[PDB]
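Enquirer: All the letters of the sequence shown, read from the start, carry residue numbers 4 to 46, 50 to 492 under the deposited numbering. The beta carbon of each residue, even a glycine, is placed where N, CA and C say it ideally should be.
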Amino acid sequence: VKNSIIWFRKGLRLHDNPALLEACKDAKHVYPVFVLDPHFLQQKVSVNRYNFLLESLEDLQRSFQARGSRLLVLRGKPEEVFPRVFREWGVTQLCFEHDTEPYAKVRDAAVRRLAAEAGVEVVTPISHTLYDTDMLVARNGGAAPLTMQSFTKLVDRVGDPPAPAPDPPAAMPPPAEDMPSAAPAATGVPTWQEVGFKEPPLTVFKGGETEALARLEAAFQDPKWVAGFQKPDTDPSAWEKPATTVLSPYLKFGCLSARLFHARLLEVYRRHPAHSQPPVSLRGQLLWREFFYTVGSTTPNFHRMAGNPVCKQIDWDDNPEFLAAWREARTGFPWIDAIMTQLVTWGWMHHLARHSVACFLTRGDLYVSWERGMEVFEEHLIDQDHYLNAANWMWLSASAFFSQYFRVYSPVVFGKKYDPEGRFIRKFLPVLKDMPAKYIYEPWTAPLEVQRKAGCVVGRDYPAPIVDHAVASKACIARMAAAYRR
Ligand SMILES: Cc1cc2nc3c(=O)[nH]c(=O)nc-3n(C[C@H](O)[C@H](O)[C@H](O)COP(=O)(O)OP(=O)(O)OC[C@H]3O[C@@H](n4cnc5c(N)ncnc54)[C@H](O)[C@@H]3O)c2cc1C
Ligand SMILES: [Cl-]
Numbered sequence: 004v005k006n007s008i009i010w011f012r013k014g015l016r017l018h019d020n021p022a023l024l025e026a027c028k029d030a031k032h033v034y035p036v037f038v039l040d041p042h043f044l045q046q050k051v052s053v054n055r056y057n058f059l060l061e062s063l064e065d066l067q068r069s070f071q072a073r074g075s076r077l078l079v080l081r082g083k084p085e086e087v088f089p090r091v092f093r094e095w096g097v098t099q100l101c102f103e104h105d106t107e108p109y110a111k112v113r114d115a116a117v118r119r120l121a122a123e124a125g126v127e128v129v130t131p132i133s134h135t136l137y138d139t140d141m142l143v144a145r146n147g148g149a150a151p152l153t154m155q156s157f158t159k160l161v162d163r164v165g166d167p168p169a170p171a172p173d174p175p176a177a178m179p180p181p182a183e184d185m186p187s188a189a190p191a192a193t194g195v196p197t198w199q200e201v202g203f204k205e206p207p208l209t210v211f212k213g214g215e216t217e218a219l220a221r222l223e224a225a226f227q228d229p230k231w232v233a234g235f236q237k238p239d240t241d242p243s244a245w246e247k248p249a250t251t252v253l254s255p256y257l258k259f260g261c262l263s264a265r266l267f268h269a270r271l272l273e274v275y276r277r278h279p280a281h282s283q284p285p286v287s288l289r290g291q292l293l294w295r296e297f298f299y300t301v302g303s304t305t306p307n308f309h310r311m312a313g314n315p316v317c318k319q320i321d322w323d324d325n326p327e328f329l330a331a332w333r334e335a336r337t338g339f340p341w342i343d344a345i346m347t348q349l350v351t352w353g354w355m356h357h358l359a360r361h362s363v364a365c366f367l368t369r370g371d372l373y374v375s376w377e378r379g380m381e382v383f384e385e386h387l388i389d390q391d392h393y394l395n396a397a398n399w400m401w402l403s404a405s406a407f408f409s410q411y412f413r414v415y416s417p418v419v420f421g422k423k424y425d426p427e428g429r430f431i432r433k434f435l436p437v438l439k440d441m442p443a444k445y446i447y448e449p450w451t452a453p454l455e456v457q458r459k460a461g462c463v464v465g466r467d468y469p470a471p472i473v474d475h476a477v478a479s480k481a482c483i484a485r486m487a488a489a490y491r492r
């Protein structure tokens, strides 16, 4: 008979899952498996992103239980667990969503050689991305595009991406009964305390497909806001209602399908003729995700500077003091320190908010390597995507794609043009709650009498600015011009 396995790595969803529909077709027993390493903390990861994964895993378990099935969370490594369950469950087909990451290509190639020895058919459909990224490189001549202007004109030449896959049946083939490896006491979704964490998460974004589909409809409640979306015109100092969709964590883990997001955008665009065009449009932002995935998958060492052909070699300085003050939110600038606080509390910031802290650390003030800043974002960001985190940090550090190093974000004026009262700063930095708005961006300029009255003395309660921007920026700007001369 047909007994299949639907492997969950990304694509933690039931909607638009071509790998799940194949594993349920003509099947007698389907096995939904998520391979979890219980020693992942003995090898860098925050409790916000990992608990976001667990909350997303409980969404699958509730969806499988409501359809007569059950999610299996197997412990160990995939190279050591799958050969055991291939013979124990009598598997003839293995389906999992395709992945284009470096570790995934080596991991999957190991699983492919194991299923061949066992006689298991491997089906790997694409659904994490809009298009087949390898197809885009072939149509473009064998090389991937390096500019958004050339990439946007390539996806328009191919046309619309494949429509989202249909929903799975309301009743799925359950796993076989009385299986030792499918025992609930060893295949249950663990909590954040049981995986080896001590402090609870503080984020306000709950993971899961049900939460992803709810935030999608909320974003589409106002179709005029969707059609007239322009990314550079959004408010980075908005936290009560974030001025963007905040769908990056659900798209990263796979709780939300990009194909369904793109299909919902065209329904609004077809009825709104004057809708925004890429790259500033909402569809353009998805094309940014497609563009970086196409370039990074074909470029070696895309997450590094050495051995990376698309990244310019820059003599980044080794300054642990500036790196520690930046990652611990004690640089003296309330606009920068509040964003880093929002990073360790929520795990998500506005794109322009990430622009200020990335510019301040790299080509702007501290001249610290973008890799050291990417590793800090890799820990706390609940939307940690290998290819976006890299191409965007190379963007803000003038290492790739971007080449206008004279544009330096002022860590004082940028936040003040959106929020002069400093509501964003008073929320994440409560030590400056009573500071007047006149000095809330430059607390060192406030008189001592104002510092005493507001309850925040610069040097005792809030640290002094580590650098003078006018002195640090001109130094970094001149060094970038000397680098580009090479
Ligand atoms: C230094 C730096 C690091 C970043 N690291 C990440 C990361 O690890 N993961 C991540 O998802 N994005 C990353 N980004 C991109 C961007 O900041 C986020 O995608 C955005 O803030 C998420 O908000 P949203 O979901 O409301 O986006 P929206 O504006 O609503 O866009 C919708 C979707 O489009 C995609 N998208 C939007 N902006 C970009 C972009 N600039 N590049 C690629 N795809 C984009 C995302 O999938 C996003 O969910 C980074 C940007 C910078 C400057
Ligand atoms: Cl500015």
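When DSSP labels each residue in this structure, what does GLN99 get in the three-state scheme?
Expert: strand
Enquirer: For the beta strand (DSSP E) that contains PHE88, what are its first and last residues?
Expert: First-last for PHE88: 84-94, but that is the alpha helix (DSSP H), not the beta strand (DSSP E).
Enquirer: Taking a contact to mean a Cβ-Cβ separation below 9 Å, would you say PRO326 touches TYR468 in this structure?
Expert: no
Enquirer: At a threshold of 8 Å, does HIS281 count as lining ligand 1 (C-beta to nearest heavy atom)?
Expert: no
Enquirer: Should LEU44 go down as buried or exposed, given a rule of 16 or more other Cβ atoms within 10 Å for buried?
Expert: exposed
Enquirer: Using a Cβ-Cβ cutoff of less than 7 Å, which residues in the same chain neighbour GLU384 once the five nearest sequence positions on both sides are dropped?
Expert: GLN390 and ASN395
Enquirer: In angstroms, rounded to a whole number, what distance separates the CA positions of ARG333 and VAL350?
Expert: 9 Å
Enquirer: What are the partner residues of residue 2, as DSSP defines its beta bridges?
Expert: There is simply no residue 2 to check, as the chain begins at 4 and stops at 492 in what is shown.
Enquirer: Give the DSSP bridge partners of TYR256, in chain order.
Expert: In the DSSP assignment, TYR256 is bridged to no other residue.
Enquirer: Mark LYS459 as exposed unless 16 or more other C-beta atoms lie within 10 angstroms of its C-beta, in which case mark it buried.
Expert: It counts as exposed.
Enquirer: In three-state DSSP terms, what is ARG81?
Expert: In the displayed model, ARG81 falls within a strand according to three-state DSSP.
Enquirer: Anyone know if the C-beta pair for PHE88 and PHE11 falls short of 9 Å?
Expert: It is not a contact, given that the beta carbons lie outside the stated cut-off.
Enquirer: Of all residues in the structure, which have a C-beta closer than 7 Å to any heavy atom of ligand 4, taken in chain order?
Expert: In the structure on display, ligand 4 does not appear, and the ligands it does have are ligand 1 and ligand 2.
Enquirer: For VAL36 and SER7, which I take to be in contact (beta-carbon distance under 8 Å), what is that distance rounded to the nearest angstrom?
Expert: With a Cβ gap of about 11 Å, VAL36 and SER7 do not count as contacting.
Enquirer: Residues in its own chain within less than 7 Å of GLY370 by CB, not counting five upstream and five downstream?
Expert: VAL414, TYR415, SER479 and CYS482
Enquirer: If I follow the unbroken beta strand (DSSP E) through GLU127, where does it start and stop?
Expert: 127-129
Enquirer: Is there contact here, the stretch 253-260 with the stretch 211-222, by at least three beta-carbon pairs under 8 Å?
Expert: yes
Enquirer: For my contact list, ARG93 and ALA121 are in at a C-beta cut-off of 8 Å; report their separation, rounded to the angstrom.
Expert: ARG93 to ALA121, Cβ: 12 Å. No contact.
Enquirer: With DSSP as the reference, label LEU372 as helix, strand or coil.
Expert: coil
Enquirer: Note down the Cα distance separating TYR490 from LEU402, rounded to an integer number of angstroms.
Expert: 15 Å
Enquirer: Whose C-beta lies closer than 6 Å to the C-beta of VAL473 among residues of the same chain, with five residues either side of it excluded?
Expert: The residues are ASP371.
Enquirer: Quick one: measure Cβ to Cβ for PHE70 and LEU77, integer angstroms, because I've assumed they're closer than 8 Å.
Expert: 5 Å
Enquirer: Give every residue of the same chain whose Cβ lies closer than 7 Å to the Cβ of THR139, excluding the five residues on either side of it in the sequence, and list them in chain order.
Expert: Taken in chain order, the residues that qualify are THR106, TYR299, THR300 and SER303.
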